[PDB]
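Form deposited in one PDB entry, single chain, as structure tokens, below.
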């Protein structure tokens, strides 16, 4: 590596994306980690870890289809923020509009799961705008099919969070996800790969500068896209599990509202 005009341009791109990311996403990874590690004394979340504490937290808060309808509605803001971020990626708004929509309609789910990992640690997930913390084992204990909804996302998040990415890293990673030339139905793949090539160069440099501890972090991070893609693909099978579940699927109303905060 040398400090030359192209490397400076890649640093300017990384900065541009970081600044846009801060402007687009009010809830950053740093803010979420500060809550999770016990430093946002302004907002100490209530811990929901069993049915008893679930009822004690009442003031702070088909069934499964209604959950999905509700979490999709609550994710509209995230979709809008991700779309606003995408407009800042140099070259993106010059693409064929159909390709912009295609890139976003596939990319937003992978990006939402990436951002969900910031809200998670091995014990649980922030909910209710950081005012609450829902434990992983309590979610896992819930009757089928609900108890299986979130555990694969926790498994992913622990592995993903072990990379110790910060918001500057994530800004470039999210842009790389958006500019994926492999999305089905794309009309003009080459201009998308031209931008992604630039973003990948910027990510590779960002990770080398920012993570001296982690020699193949670029490759490990790109491999995390396989897990993101698996989780997204599986959501179609959650829908089939629900159709075929002959059992009772009632769920405490407050648990229904907590699930609407998830994805």
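If you superpose the two forms and keep the largest set of C-alpha atoms that fall within 1.5 Å, you have the rigid core. Numbering follows the first chain given and starts at 1.
The same protein also has a form deposited in another entry, omitted here; what follows describes it.
Rigid core superposed between this form and the one not shown, residues 103, 112, 142, 95 considered: the one with a C-alpha shift of 2 Å or more is 142. Superposed on the core, the two forms differ at residue 56: its CA moves 2 Å or more between this form and the one not shown. After superposing the rigid core, the C-alpha of residue 74 moves by 2 Å or more between this form and the one not shown. Taking 2 Å as the criterion, residue 241 counts as shifted between this form and the one not shown: its C-alpha moves by at least this amount when the rigid core is aligned. The pair residue 68 and residue 101 is looser in that other deposited form: their Cα-Cα distance rises by no less than 3 Å compared with this form. Relative to this form, the distance between the C-alpha atoms of residue 99 and residue 68 is increased by at least 3 angstroms in that other deposited form.
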